[PDB]
Structure formats: structure tokens, C-alpha cells
Amino acid sequence: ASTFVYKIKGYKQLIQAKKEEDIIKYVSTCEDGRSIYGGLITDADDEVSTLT
Amino acid sequence: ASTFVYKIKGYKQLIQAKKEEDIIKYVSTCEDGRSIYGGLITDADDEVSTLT
Amino acid sequence: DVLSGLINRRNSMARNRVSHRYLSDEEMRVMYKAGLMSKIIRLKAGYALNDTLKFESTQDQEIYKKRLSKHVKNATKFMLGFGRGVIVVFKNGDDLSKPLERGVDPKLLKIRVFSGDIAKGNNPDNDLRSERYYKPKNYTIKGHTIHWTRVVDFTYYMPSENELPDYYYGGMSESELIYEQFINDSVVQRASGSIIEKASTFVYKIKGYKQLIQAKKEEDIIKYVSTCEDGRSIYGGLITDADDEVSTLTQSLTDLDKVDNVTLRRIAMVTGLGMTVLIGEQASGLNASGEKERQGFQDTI
Amino acid sequence: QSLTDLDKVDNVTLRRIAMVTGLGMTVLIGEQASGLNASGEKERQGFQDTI
Amino acid sequence: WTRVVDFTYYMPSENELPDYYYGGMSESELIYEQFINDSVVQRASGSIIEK
Amino acid sequence: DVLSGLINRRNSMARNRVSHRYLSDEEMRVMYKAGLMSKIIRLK
Amino acid sequence: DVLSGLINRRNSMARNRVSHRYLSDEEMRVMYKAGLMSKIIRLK
Amino acid sequence: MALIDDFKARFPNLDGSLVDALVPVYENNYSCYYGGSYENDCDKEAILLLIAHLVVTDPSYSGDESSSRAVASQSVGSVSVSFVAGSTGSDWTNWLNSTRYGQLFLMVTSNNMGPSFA
Amino acid sequence: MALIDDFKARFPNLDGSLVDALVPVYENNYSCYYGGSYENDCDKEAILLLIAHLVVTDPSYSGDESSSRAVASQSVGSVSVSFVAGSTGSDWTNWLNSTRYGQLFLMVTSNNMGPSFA
């Protein structure tokens, strides 16, 4: 019904360099706690959006 | 249902330099009190948004 | 209803198979304390025993009532709370073995009631001779042990025999029936309280506060904002800058009522109590007198 | 800035207190006149089972 | 013991009865989730209008 | 209902204490003339 | 209803403990004068 | 404490008397340029970098009464560069990007960033 | 540990005494430029690259009191280039793109990126 989306700059390259292990880990830890109680921390070039 | 988001300029680098300990600490202290009663203090280049 | 694509795999059909949680005894204990099911257990138990007992023995009318009809209620509460209510009877002499029913004990006996927590069932005879795989033959109430015919077991809704030991030979706590529920509602509710304090956050997007923190000489700007917030009202207008930008952000559970609705609907189902009681509009049609109002769910009872 | 869902959360919290205490929702709201009263004809019957 | 008469409320399982010191459970313990939440609802309710 | 922040101070609890006005006799006179309470006084 | 994050700490459960105000006698006096409770006290 | 002495070692290249007659000035008031503490050893590096900045661009040193802020495109004779822009529109960052020592000052302390007091 | 010795091998081209009299300085405080650990072997490469950056652009080395950030378009005599822009508006990236050693530092560590603490 709704998918959270981390439009993340540079994840182009991280997959392309196949050293994308860490960014998945941080998001997995980040999603492990994404709630009303803790605000996301992302970047100006980053963009979090939601699609329904 | 709703995630507070600190789109923060430079947090690109702070994670990248892995010296991102302090910004998490400030946000954790900041979230420890984010309420109707105290207004956030962020930057022009910063951008706080909310996603539902 | 399956063909011509990968729809076959990603639908709710095959994307997840069914499985049921087995909530532990310690978790079973906690919900007995929790407020929500505390009324569930209290309501259903009372609705079963409150002056609903047809006694065919008018003589010594309801000697049951003044002696242990109150023991049973705590015990039948222990049915719903833990899936195992227990009444223990024994004479003045503590005995591991059976009660001497050669002359049935003529009220020379004491009464005990036990929750399924400390009580438990131990020994089933796998043969079909006396009592089938269901009925235990001897089990421990504590460090002690009590004979089967000694003890009376308040056993709730039992699962299939292939897994009866996992509930230790008797019943199923309502928690196990609504563990999907009580967790969900608690999640609904804990989040409900904390959303208001963060319903709207004033934000001072302030130019240069980049640097002030970075130079760690940000003491004064916090002080001014603290004094400014100490008085921000309808009566005094903010003073900020062109490059400054004050904004307000709201976050709130957009579908708090819907999810709280869905969770409460199911608990009314599984427990059998009406929706009205969970909402708390008990005045409408769920009452004590059985004329028409207790009829609202008397079938479940 | 304003509590966008003040009524919803205040609704949810009050519903449960009516449940757990056993008193009706009407009493917590304060509309005691409707059906939660003293005389046990029909109004005290609103929650007499809990009592 | 036989001197004293005890008004004991809803009791928990025996394994933890001492933590309530042998008797009953305050309604607060039944609605501590609630009274805190409602108070939070209400304290915030008053201060929202001024802002 | 108070902890872990400065919420303790800025809520309606401590941000203002109670006090009651003592309207003067001359102001008491004026409202007797004013239309609204004129019906209040007359009605009651 | 508590696990796997810092949710444990920031919810309304632990973020604030309960406490009750003891309004002073002088504040008790003022509300007796105030219009709202004046009807409360009179009505009850 | 030995600020004048700790400074002399950390920046052995400034000058002699010229830094000796100016640091006892900016020592007086650095505490309200950068609100750090001279313990927390690498914060001490921040203070030295700032003090070094305040002395290299002090007019009694380079004889430069004009201001001193970062250059975005400098051209000398037949050699010309255009520095890639960054964090424009802030005099504080521009002022300290004027000299190398300041550039470090933004950046020993660039990790302290964050929001506060909500 | 042998930071001064491990540094000398990894960058055999800097200088002798000049790197010998500056690394014992930036060794003191690299830990609050880059919060890595000197184990995790290729993180060690990150530290060396940063330490190398902090010594090549230290004014006691190249005699360059001015700042040092990346060049977007340099022209010398009759040869001119304009580097394709990238990740503009960030002094941290610009500062380390000033030298090759820094360019590696962004980029041994460019894979640690991500959001956190929601």
C-alpha cells in the first residue's frame, strides 16, 4: 500500500562498484527503528519520498 | 505512520568520514525533547520534512 | 485464478504460509496483569458464573455458593488467563496419592485454586485404556505433586492432540487466541499517546547556525531562542530575518482510528464479547439482565 | 501549529478507560444524563454487570 | 491476620504476588498506560492554543 | 506527566498561575447599564 | 510492547512519570471567586 | 598554560617576533570566536588553527588593511584557476577559507554539526 | 604502533625530514578528522591517505599559506582545462580534492554512505 523510498545519491555507483554492502546495512539498521520517535537523518542531495 | 526527516547538508560527508558520531548525538538529544514546546533549530541549507 | 505471468508467486497465496505463535508462560503471565485483558478475563468469567447456575439440589440451597463458588470464579478466571484453571482438594493430611473415596470425603477437606502458571499437566497414558492422550494421570502443582483424581482441571479450548503437550495438557489462554491482537492494540495505543507531543514542531531554519555549531560558540543563539520560545504566543510576533525561515511541520497517525478499529473488531470476535463493550458503550445493549441485553452475547457464554 | 488529531487520540485513550474501569464511555465524556444514572431500572443497568 | 480485614482487588498470578505485596492491584496499574496518555493528551491540549 | 526535557516548564501548568480580577465599582456600574447583562440581571 | 530500537525510551511510558500539583491556599482562594467553579461549587 | 609556546611548535613557519607580538592579543579573545576548551587535545588544535588564522591575516602582520576572504577565481599573468564553488553565501566560511589555517579550522570542527533544542 | 613507519612505506615519494617533522603532529589529531580505526586493514589506508593529505597541504611543507581546494578550471600559458563538475557546494569534498591523496580519502571511504537512526 505504501513503500518508503530512499532516493540516495551515489547509490548508482555503490551498486556499480558492488561495494554496496554498507549502505544496505545502514538502511537495514535505520529501518530497524524508523518510527514516530526517531527522525531520519539524510542528505540535502538525498531525497526520501513515499509512494502509495 | 509518519517519519520525521532531517535532510541535513554535509551528512553526506560525515558518514563518509565516519566521524558522524556527534551529529547523531545532537539529533538524539534534539529528538529527546522535540515537542510542541520547543522549536527546532536548523539551517537554511538544512530541510526538515515529514513523510506519511 | 493463476496464470500468464509471475502473479502466481507474489500474491498473498504463496508469498506467505500460515503459522501460529506459542506465547511463553511468562508472557502469558504478563497479559493477565495487563489492563485490557484483565477486563476480558473478568467479564467473561463473571458472565459465566454470576447467578447462572441451575442447582437441582434445593435442600442445602447453594452450599456451593457460600464455600467455593468464589473459588471456582478465580479458578475459571485462571482458565481464560492461562489456559489452565485448577481446583485442588485434599483432606487434613497432605497426600501425593489419590483421595480416599471409599468413603467419599464428607466435607472434612480443604480447597485450593491454582493458575496454569504454577500448575501444569505431566503424565498422559498413551494407551486407550483409562484416560485417552488428553487426560493427564498425575502432575505437579509446585515442588509437590497431586494425584489425578485429587485435582479438578479447568481446561479451555484445546488444540489438536499432536501438539497438546506444547500447552502441557489442557486449554489455551485467550492471550494465545489474541496475541496477534493485544500486541497490535498496545502498539496502536503506545503510539497514540506519543504522537500528540510531536503533533507539530516549530522550526527555526536559521542561516549561519551551520557555523555557530561548527564553531561551538552556539550558546547565544540557543539562549535567544529559549527566551524567544519563552513567550512565543498569539500576542507577540516573531522577529526573524529575510534569509531566516520559520516553518511548521506536522506529523500524526493518519489512520489511527482505522487500525484501532480493525484491532478492536477482532478482539470482539475472538473473545466473543460485543464490539460495544470494547469501545466502552456498555450502556447500549450489553448489560447484566438477560431479558434482551445479556442476549447480546449469551450464546458465546 | 495545532494538534491535528487531538480528538482521535483523546478518543482512543478514553475508550480504553471506559473498558478497563468498566464505566461507560458516556461517563468519561461527561454525558452522564443519557443512560448512566443511579436508579437501577435501566440506567444503572448500563454497567451494573461490572459492579 | 485474624485481627485484620483485607479489601483485596484483582490479584495477579501467584508467581508474582509478592511484587504487589500480597493483595490486589490498583486501577492505576490497570490503566497506567491510560492515565499517563490522557494526561499527555490534556497537558498538550492546553498549551497548543497559545501557540 | 513531567520528565525528560523542558516540557516541564513551558506547558500550561507552570507557564501561568491563577489570579482573579477585582473589577472596580465604577466598572461595576457600567455593566449594569450595558445591554447584555441588563437582561441577565433582569431575567434572573 | 517494547523491543528492537530506542522506541523503549521515547514513548509516553518512560518519557514522563506521574506527579500531582498541590495548589496553594491562596490559589485555592482565587478559584472560589472565579466564575466557572463558582457555579460548580454552587451547583453541586 | 603555554598557548604562546604550544603555538610556536605547532606552526614553526609563521615568523618570530611578529607572531610573538600578536598571539598575546588574540589569546585574550579567541574564547569568543570559538567556544571550545583548550583541553580535549584535538580541540586544542582547533584553537591553534584559529589563533593562527587571526594572526596571519591580522594587518600588523601582512600589511593588508583590506579584508581577506576566499578567492573563487584568481588569475595572475598567464596562469588562471577557478576554484570549484562550495558552501557559498556565508562570510564565516569565506573568511576562514582565506588562509590555509582557517580552512583547517572549519574542518577540525566540521564534525560538531547538528540541530539542537527541540 | 608504527604510523610514522607505515606512512613512510605507503608514500615513498613525499619527502624525508619534511614528512618526518609533520606526521608526528597530524598523528596526534587525525582521530577527529576521520573516526576510523587503524585496524581493519584498508581503513588503515584511509588514515594514511588523510595523514598524507594533511601533510602535503600543510604550509610548513609546500610554503603555501593560502588555502588549498579543488580547481574547477585551470589555465596555464597556452594549455587550459575545465574539469567536469562534481559534488559541488561542499568544502569537505573540495578540500580533499585539492590533492591526489585526499581524492583517495573520499573514496576509500565513499562506500560507508547511508542514512541512520530513524
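Read top to bottom, the protein sequences are chains A, B, C, D, E, F, G, H and I. All the letters of the first sequence, read from the start, carry residue numbers 207 to 258 under PDB author numbering. All the letters of the second sequence, read from the start, carry residue numbers 207 to 258 under PDB author numbering. All the letters of the third sequence, read from the start, carry residue numbers 9 to 309 under PDB author numbering. All the letters of the fourth sequence, read from the start, carry residue numbers 259 to 309 under PDB author numbering. All the letters of the fifth sequence, read from the start, carry residue numbers 156 to 206 under PDB author numbering. All the letters of the sixth sequence, read from the start, carry residue numbers 9 to 52 under PDB author numbering. All the letters of the seventh sequence, read from the start, carry residue numbers 9 to 52 under PDB author numbering. All the letters of the eighth sequence, read from the start, carry residue numbers 1 to 118 under PDB author numbering. All the letters of the ninth sequence, read from the start, carry residue numbers 1 to 118 under PDB author numbering. Every residue, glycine too, gets a C-beta built ideally from N, C-alpha and C.
### Task
Report yes if the C-beta distance between residue 277 (chain D) and residue 289 (chain C) is below 7 Å; otherwise report no.
Contact flag unset, no.
### Task
With DSSP as the reference, please indicate the residues paired to residue 155 (chain C) in a beta bridge.
The partner list for residue 155 (chain C) (beta bridge, DSSP) reads C:146.
### Query
In whole angstroms, what separates the C-alpha of residue 14 (chain I) from that of residue 9 (chain G)?
Taking the straight line joining both Cα atoms gives about 59 Å.
### Task
Report back the beta-carbon spacing between residue 112 (chain H) and residue 221 (chain C) to the nearest angstrom; my notes put them in contact at under 8 Å.
Confirmed, Cβ separation roughly 6 Å.
### Task
With 8 Å as the C-beta to C-beta threshold (strictly closer), list the residues of the segment 26 to 57 of chain I near chain B in chain order.
Per Cβ criterion, the list reads 32, 33, 34, 35, 36.
### Task
State the beta-bridge partners of residue 212 (chain B) as determined by DSSP.
According to DSSP, which records beta bridges pairwise, residue 212 (chain B) is partnered with A:247, B:254.
### Query
Which of the three DSSP states, helix, strand or coil, is assigned to residue 59 (chain I)?
In the three-state reduction of the DSSP assignment, residue 59 (chain I) falls in the helix class, which pools H, G and I.
### Query
Are any of the Cβ atoms in chain E nearer than 7 Å to that of residue 33 (chain F)?
Look at residue 33 (chain F): its C-beta is not under 7 Å from any C-beta on chain E.
### Task
Under 6 Å Cβ to Cβ from residue 192 (chain C), same chain only, skipping five residues before and after it: list those, please.
Contacts found: 271.
#### Entry: Residue span of the alpha helix (DSSP H) that contains residue 17 (chain G), given as start and end
It spans 15 to 18 - the alpha helix (DSSP H) in which residue 17 (chain G) sits, taken as one unbroken run.
### Cut-off 7 Å between Cβ atoms - residues of its own chain near residue 10 (chain I), not counting five sequence neighbours on either side
Within the same chain, residue 10 (chain I) has close Cβ partners 48.
### Query
In its own chain, which residues sit with a C-beta less than 6 Å from the C-beta of residue 109 (chain H), not counting the 5 before and 5 after it?
Within the same chain, residue 109 (chain H) has close Cβ partners 46.
### Query
Is residue 176 (chain C) closer than 7 Å to residue 129 (chain C) when the C-beta atoms are compared?
With respect to the 7 Å criterion, residue 129 (chain C) and residue 176 (chain C) are classified as neighbours on the basis of their beta carbons.
### Task
Would you check if the distance between the CB atom of residue 117 (chain H) and the CB atom of residue 216 (chain B) is smaller than 7 Å?
For residue 117 (chain H) and residue 216 (chain B), no; Cβs fall outside 7 Å.
### Task
Output the distance between the C-alpha atoms of residue 227 (chain A) and residue 238 (chain A), rounded to the nearest integer angstrom.
Cα to Cα, residue 227 (chain A) sits roughly 16 Å from residue 238 (chain A).
### Task
Please name the residue, chosen from G:52, G:26, G:16, that lies closest to residue 16 (chain F) on a Cα-to-Cα basis.
It is G:26.
### Query
Around the C-beta of residue 28 (chain C), are 16 or more other C-beta atoms found within 10 angstroms, so that it is buried, or is it exposed?
Exposure of residue 28 (chain C) is indicated by the presence of fewer than 16 other C-beta atoms within 10 angstroms of its C-beta.
### Query
residue 242 (chain A) touches chain C at which residues, Cβ-Cβ below 8 Å?
Correct list: 199, 202, 203, 206, 259, 261.
### Task
Could you tell me which residues DSSP pairs with residue 95 (chain C) in its beta bridges?
Note: residue 95 (chain C) sits in a beta bridge opposite C:121, C:160.
### CB-CB length for residue 40 (chain C) against residue 183 (chain E), believed under 8 Å
The pair is not a contact, with the Cβ atoms about 17 Å apart (cut-off 8 Å).
### Task
Please name the residue or residues paired with residue 74 (chain H) in a DSSP beta bridge.
DSSP lists H:81 as partners of residue 74 (chain H).
### Message
Helix, strand or coil for residue 132 (chain C)? Go by DSSP, reduced to three states.
### Response
Annotated three-state conformation of residue 132 (chain C) is strand, per DSSP.
### Query
How about residue 191 (chain E): is its C-beta nearer than 7 Å to some C-beta of chain D?
Judged by the 7 Å Cβ criterion, residue 191 (chain E) is not in contact with chain D.
### Task
Would you mind reading off the limits of the alpha helix (DSSP H) that contains residue 282 (chain D)?
Element bounds for residue 282 (chain D): n/a, residue is neither H nor E.
### Query
Quick one: does residue 224 (chain C) have its CB under 7 Å from some CB of chain B?
Not an interface residue.
### Query
Is residue 161 (chain C) close to chain D, meaning its C-beta is less than 7 Å from at least one C-beta of that chain?
Closer than 7 Å: no.
### Query
Cβ of residue 43 (chain C) less than 7 Å from any chain E Cβ?
Proximity of residue 43 (chain C) to chain E, defined by a Cβ-Cβ separation below 7 Å, is satisfied.
### Task
Compare the Cα-Cα distances from residue 266 (chain D) to each of C:260, C:45, C:209, C:246 and report the closest residue.
Measuring from the Cα of residue 266 (chain D), the nearest candidate turns out to be C:260.
### Query
Can you give the Cα-Cα distance for residue 46 (chain F) and residue 30 (chain F), rounded to whole angstroms?
Taking the straight line from one Cα to the other gives about 20 Å.
### Task
Ignore the nearest five residues each way along the sequence and tell me which others in residue 211 (chain A)'s own chain have a CB closer than 8 Å to its CB.
Excluding residues within five positions, the ones whose Cβ falls inside 8 Å are 254, 255, 256, 257.
### Query
How far does the alpha helix (DSSP H) with residue 54 (chain C) in it reach, from first residue to last?
The continuous alpha helix (DSSP H) containing residue 54 (chain C) extends over residues 43 to 57.
### Message
Relative to the C-alpha of residue 121 (chain C), which candidate in C:145, C:134, C:161 has its C-alpha closest?
### Response
Among C:145, C:134, C:161, the Cα nearest to that of residue 121 (chain C) belongs to C:161.
### Task
Determine whether the Cβ of residue 196 (chain E) lies closer than 7 Å to any Cβ atom of chain G.
Chain G, which has no Cβ nearer than 7 Å to the Cβ of residue 196 (chain E), makes this no.
### Query
Start and end of the alpha helix (DSSP H) containing residue 79 (chain C)?
Taken as a continuous stretch (DSSP letters only), the alpha helix (DSSP H) holding residue 79 (chain C) covers 77 to 90.
#### Entry: Which residues DSSP lists as bridging residue 10 (chain F), in chain order
Per DSSP, G:25.
### Task
Using beta-carbon positions only, say whether residue 86 (chain H) and residue 53 (chain H) come within less than 7 Å of one another.
At the C-beta level, residue 86 (chain H) and residue 53 (chain H) stay beyond 7 Å of one another.
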